[PDB]
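Novice: Structure provided below as structure tokens; questions to follow.
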Amino acid sequence: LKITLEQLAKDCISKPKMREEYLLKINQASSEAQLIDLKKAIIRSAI
Amino acid sequence: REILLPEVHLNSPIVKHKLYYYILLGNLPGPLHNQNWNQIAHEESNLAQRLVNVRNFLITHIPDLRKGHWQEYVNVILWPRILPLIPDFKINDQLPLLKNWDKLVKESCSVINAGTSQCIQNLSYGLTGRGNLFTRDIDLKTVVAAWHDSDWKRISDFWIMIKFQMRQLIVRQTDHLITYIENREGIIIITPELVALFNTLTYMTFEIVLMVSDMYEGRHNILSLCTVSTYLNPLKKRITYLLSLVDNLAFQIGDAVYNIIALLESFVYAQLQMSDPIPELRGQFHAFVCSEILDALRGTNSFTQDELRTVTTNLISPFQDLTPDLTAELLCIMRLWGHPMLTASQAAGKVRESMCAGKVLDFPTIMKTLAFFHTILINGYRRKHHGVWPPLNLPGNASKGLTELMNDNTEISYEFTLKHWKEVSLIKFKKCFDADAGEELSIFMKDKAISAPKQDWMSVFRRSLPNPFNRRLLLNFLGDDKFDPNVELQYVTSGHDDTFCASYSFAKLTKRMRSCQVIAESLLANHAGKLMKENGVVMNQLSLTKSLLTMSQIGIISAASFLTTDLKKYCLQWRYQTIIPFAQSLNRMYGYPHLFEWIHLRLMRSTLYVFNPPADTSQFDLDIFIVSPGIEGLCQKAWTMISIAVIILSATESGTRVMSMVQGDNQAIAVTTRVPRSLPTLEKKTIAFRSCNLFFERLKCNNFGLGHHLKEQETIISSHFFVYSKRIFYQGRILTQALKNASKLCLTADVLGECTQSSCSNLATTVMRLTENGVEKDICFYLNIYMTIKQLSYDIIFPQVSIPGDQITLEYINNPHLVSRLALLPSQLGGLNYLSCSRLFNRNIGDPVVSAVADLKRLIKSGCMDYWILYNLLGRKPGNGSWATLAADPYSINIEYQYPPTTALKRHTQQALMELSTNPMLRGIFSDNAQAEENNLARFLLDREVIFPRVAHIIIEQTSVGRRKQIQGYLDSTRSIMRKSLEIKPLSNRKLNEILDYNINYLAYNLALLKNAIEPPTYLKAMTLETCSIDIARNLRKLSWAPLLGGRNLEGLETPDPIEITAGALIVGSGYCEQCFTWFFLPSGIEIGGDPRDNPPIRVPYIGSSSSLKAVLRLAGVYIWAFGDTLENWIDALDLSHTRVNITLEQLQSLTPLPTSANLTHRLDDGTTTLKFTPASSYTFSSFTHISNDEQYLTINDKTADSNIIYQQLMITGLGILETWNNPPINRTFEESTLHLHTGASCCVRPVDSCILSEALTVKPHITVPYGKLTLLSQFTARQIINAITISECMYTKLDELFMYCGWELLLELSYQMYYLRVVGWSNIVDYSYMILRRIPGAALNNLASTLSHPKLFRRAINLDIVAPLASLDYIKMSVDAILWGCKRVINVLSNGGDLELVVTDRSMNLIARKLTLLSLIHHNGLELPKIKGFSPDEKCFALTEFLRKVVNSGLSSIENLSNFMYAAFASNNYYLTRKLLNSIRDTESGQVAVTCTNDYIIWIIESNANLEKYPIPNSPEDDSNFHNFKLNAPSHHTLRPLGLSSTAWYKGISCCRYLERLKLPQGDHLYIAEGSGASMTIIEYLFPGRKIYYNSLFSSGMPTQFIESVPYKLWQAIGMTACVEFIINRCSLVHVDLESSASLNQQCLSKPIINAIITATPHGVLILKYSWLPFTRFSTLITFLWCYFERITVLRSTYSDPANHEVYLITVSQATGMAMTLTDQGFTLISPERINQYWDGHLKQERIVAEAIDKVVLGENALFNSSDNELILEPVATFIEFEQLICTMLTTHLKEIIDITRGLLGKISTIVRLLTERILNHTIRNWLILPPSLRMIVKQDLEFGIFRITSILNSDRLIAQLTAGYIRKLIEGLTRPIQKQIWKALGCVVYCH
Ligand SMILES: [Zn+2]
């Protein structure tokens, strides 16, 4: 679900602004496959 | 009122039928019924009357009796929670009693406050000093305040008062109106069935008040425990926000939230699905659970998206930034909201939906699974046997089956099976196999539920338009005639009869059907259930826990693929058509036809049900009601078996190492692979995940194939996320599932048998269970105190059966002092403190009594302001008790009230039940005068000189009355059968008088323990001024058991209490401790976050580590005591045998041979009657630990758990202390830290005793029903030892033959394994021997510690040139290389020689032994032609024949013995022969003789200003903990300094003086630092110039002795940390220092080095420093620290050390710089690179030289030319040749004295026996130079480990003085470090004097 992955992001990535923007988009994003894509992007985006 | 007021905590479902039935019976504001009300009002209710008076009273007290729309008048039964939250009764004029509650508890807490704090603080000082650490204040006041300054409290007290009122009302109803209570803005209607709430009004039935009370008290206790700083505001905010939001949602919706409640528990796992390494699992499980709860909510019209998303966010908000433990706690409290109210419709409809869902039968999968089930069964039956597995079938397909069957292949591979179909079907109708029925009397003597026959609905309830039955299988079963499993199994193989009506309520059936059910369950789970694989479920606790924990551990490395599921439908999903193969297979396996499937079978043709909407219906009706589906819990044994089958089939489908647990329907599986174990761990988790993912998909496919709606909502997978029985395991730990126990902090006892005592006990155990995990201990102590206080308060004020009659109530309540004074004594010795302090650190007990008095003494010394109490209880009135009363229990103190009515009521229950009897020969099993027989046995056992409780206990447990006792004990004791037993109403009134007012008289007795009573003056001072708990317990037990037993005090028990004996102290960084034994170490290790491989240590976890003829054998073995062997005592044993033995033809043999000798120690333990035990344990940090006992506590002995028990208790204690030191949220913040248990200053060690006696009172019970050279030493020792790998006693009188023969046996076994695979004589033998030996370190560690130990054994072997010891201080390799030499020597034997006549431990195995021998013989002795393997029995025998007839033409050795190659000693058991023959060699025999100072130098460490550091090699041996062996005990060399002194050290002094004269030195001032009590230093001045020494000693709690005996007249002729070192430097040549401490990775005495620096400043005089490399790292660290501002340092080895690591003697800008230098140079620096080998060979030279010195001192020579040099400054009793006749006379007189005597306080004889032997030892010591050299070497060995085997053994024969005591042999055969050293030096003085 959207908010579940929002929480995942909040607990995963570092830059609060980039977090804000990825959140702004994921609430608009609606493709479950693209949700998995953004999820893997979040995980590998920990730098 | 009459007996046993009803439940106080619900265990019955809460329904909607009953509440609606009540409220609609009344006239009060669409149910499943609208039938009639006036008729039933007439129908004998009185409920109508009660509720109509309720109604009209409310009418006269409501303004709105009948208005438009009910303005504020809402019948809100829709489970309001915020409304009970609403101030319903918060009229702040509180009920008067509860104010007294508060006053009493607060004042008692205040008065007891100040003492307990400093009490526990002093207890901390005793352990290490300021324990209970966390990185604020804790106290009793904080606890009590938080519990009374919190919310939810007043409401909980209100609801408790409510519950009490309702209990009073229902009691009235039992006796025989209702209660109407008015008050401001509220109405209190109290009926025995309903209560009203209104300031918005509602009703509540009975069970509802129980639910709400439990709920509120629970959340109260939860937030209370949360208030403490340990688990602070995070969890507080969590619970409060969650409670609030959930209550609001429950209001908004209703029952639906209850559903999501279940779906909410699984949600936290989703968060705990933060298995951050492996992805996709977050977005898998968190998403799944969130979406499913979204559905479960939006399905009931709250709102679609906005409300949904917002409520989901606000609901998950209590789940952030939390590590597992807190989240698991949060779950265990998330269940606190009570259950929903039940109704037949929903659940009946679901379990109906368990009807037809598709007859999807899959023959392939079921057939493959039946095949694998057959295979598992076969392999298991093979393993759990020597093995036959005899199937009478398989004519079908497999000639491979033909081979692997006809050979009786003990193994059957799974991969072998997967390539076949239809492996076997043992299907017949003929006979039985490996099973039998009609046993295990436990099952059908224990009862279960039972339904009614066809006419049921009437018996289920009334209101129709017909009789009740209300029986239970226990009643009729006991009152049954001619019953037996056989007739039952005949009914099983008989009818489709219309006499079974399956009911549901978790379901019941009829009498005969349920009997068949229990019989079948027993048969399967007993005979087949034993066959186990892929489950550690054998026992209850040890194997179960250890297996789960260890699968979690092997998941961890230094395998991350776990999964689990919990399923329910797995019961109600199965089908007959898909289980009958298993049915018929196991059927014919057990012979008895059609047994294992009939029950489910019948459920196909019948209807069932769980009130009922009728028209006119009483029979079979197509559908409330359900028609023939699966069943809940019947035969789930076979369910679990087939589960194992399908799991193993899945495992074989995709090969992977799988280990699982599966029971009921739930299971969990871990899987690991052969992953390369070097690359980073992340992709390791990735590979593990891929493997387990393929596995799980295949498992899902198959599981559905068998037909199983297995879905995602039942399963969860991760890396380290194990789950089972609501206990989750994570990252290799038991999660702190503590807070649930918190909510189980109830306010009263179990339901039955109300009594204060047991209540507190339960409470105690509960909070003690709390102690096990999470919360620290001090809060637990305080919380137990507060809980007992508040509980005793709640009991004294408004007692549950309140009557103000007695004045004990007022005399208790009027003072708060009394209740504290009564809640502060250990319950075992009276009081309500059930062992929360001592047990605070060990689940084992030892003795509680000594622990009770230890706790008491510790409290009073710390101060509870009651000292006289000890004298009062000592002088307390000795209770009555009885003989059998004490017999039934050891550890007992005769007091009046130590047994609550629960045990008494249950005992009378089972008794009056046995009274009902028409059964089989069980008749004699119940007798009238059994108690008379128990008291007769007690008289027979305890009316003697020396008395032991435990022996009488076990001996009555095992005898005939033992089985009667156990049988009549293991009945059913539930409330139902309790009332059904009280159907035997006339117990008594006297007994009733006893029961119904128990607590009154208990409180009266403790009132008799009021303000100080009379004090007996003699024994008061005789025992006051606390000395030891041991002696106080002794005297107390004696004096209190006097009234019956009188003079004799009982002994045989009472190992001491930990907190008294052990004190210890920790060390962190720099620290000193008490002057030195054992020590726990802890490296600086972090929790998770780095790499488990980078986590510094290796994780070594540690925890608390044919018929009843067996029982009669234990009986005899413990009874005779195995040493006192008369005709009388053995006749007694035979009579006890005729007593209990009722099984076979009674044992009439003369003298029991088979019973072994086991009286040596007290290893008596009991338990193991259950299947599992759920609340296992907790430990979270004792993994990185490193225990070590290399310091003295024990030598070679025959303890065998005598002092290993206190040893184990010390292990537990250290583990617990360290855990508590790091129990909360922690990190690496603690540096390398140790705990040293210097426990030499224990008040009492109390050495052991030993004697004999005979009891004689001749009473009998009565019942008869059904139920030359000794190379054999080496041989048998090799057997017993090498059999373990597959103790150095019995290995002391030996030589190299032991290793020779163990190597020989190992060669035999491995060579038989070699199966012709080429192994040449020397080369390949050596190779494969190494390859197989250098494995499995465990037993190798054992053998190492066992044989390679401090005594000459290692010296003997190395002098015999058996091994080669060349930092290099290793031991284990030597051990195995030892075996190497053996094998090597063994081969030389086989080079030429066929001697040694092999022995067998029947004829098949010894033929195979000959096979082994010939096989190896040829395997080397070939080299001319190969040979082939074939049949087992004789193929290799005829191979011997042929190959011998061949090689007889080509040989290397002599020819004649080859002929003798044509041509087996016997044995029966290893223990028998080994022990009896090692004690057989214990006569006069000298065959053991077969074995028959300026020499220490320098190492001159390093050159001036030298900086070339080399290869460190800091490698250390003893990586794992064997038994204590590095430097313990070699007291030989003490004879080398015979003086009149106590130090004797200065031999090292003259060595250092030699070194000094070996070089130049500056002027002499002689600095002596902090050491010396008449010690070495003198010599220096005696040999070097100085005037007025500069000397000090350590701060000593109390001046050199000998130095003032040396210097001062010859002159008169003409501890430090910061300040002491400063005074020292306040007061510049040579200085002398010496110390030692425990393990640490830094320095702590650099103070004295910098002292030397600054003092030579105030110019290069050289120092003297004692130090030793036990941890060579630390040595080098100190050496590196020295290599800074100093040059040409030298170190010199001594010869005062035993053969061991030496105690060697050594001669930038800021000190912190060098400190940090060496510390950071731990990384890459060591500075002792080459000379270590020279050191080592020198130490070996020294061992040889000191062995030579021992040889010399066996003669009259000396080590002179320096003895006189020291004597320059520096026991005469008569000696005779016939001191042998002297010994004869002395033993004669002393044994006459012993016969004469037998004809605070003291023992009897052990003291004088030890004193006699000691005096004889001293006589022999003085007369050493009178010497029969044989006896001289014998006593040399003895006094060297084998201590004092008496010399004049049989020559002491010379009648009356012998006839008076025939056990003189055992008297002849019955060593401590200090006295050992004393007598060594005494012998040295003897040799030097003459
Ligand atoms: Zn003691």
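Indices start at 1 and increase along the chain as displayed.
How was it done? The header gives electron microscopy, 4.6 Å.
Just so you know, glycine gets a Cβ as well, placed from its N, Cα and C.
Among the features that Swiss-Prot reports, ATP binding site is placed at B:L1567, B:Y1568, B:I1569, B:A1570, B:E1571, B:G1572, B:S1573, B:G1574, B:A1575, B:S1576, with the record citing sequence analysis.
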Novice: Count the other Cβ atoms sitting within 10 Å of the Cβ of B:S1573 (ATP binding site), across every protein chain shown.
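Specialist: Cβ-Cβ neighbours of B:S1573 (ATP binding site) within 10 Å number 14.
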Novice: Once near-sequence residues are set aside, which residues in the chain of B:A1575 (ATP binding site), 6 or more away, have Cβ atoms under 8 Å from its Cβ?
Specialist: B:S1543, B:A1545, B:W1546, B:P1600, B:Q1602, B:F1603
Novice: Counting only residues 6+ away in sequence within the same chain, which have a CB under 8 Å from the CB of B:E1571 (ATP binding site)?
Specialist: B:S1593, B:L1594, B:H1632, B:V1633, B:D1634, B:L1635
Novice: Can you tell me whether DSSP puts B:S1573 (ATP binding site) in helix, strand or coil?
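Specialist: In the DSSP reduction, B:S1573 (ATP binding site) maps to coil.
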Novice: Using a Cβ-Cβ cut-off under 8 angstroms and a sequence gap of six or more, which residues of the chain neighbour B:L1567 (ATP binding site)?
Specialist: B:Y1590, B:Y1591, B:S1629, B:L1630, B:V1631, B:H1632, B:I1655
Novice: Kindly assign B:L1567 (ATP binding site) to one of the three DSSP-derived states: helix, strand or coil.
Specialist: strand
Novice: Around the C-beta of B:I1569 (ATP binding site), how many further C-beta atoms are within 10 angstroms, looking at every protein chain?
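Specialist: Other Cβ atoms within 10 Å of B:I1569 (ATP binding site): 25.
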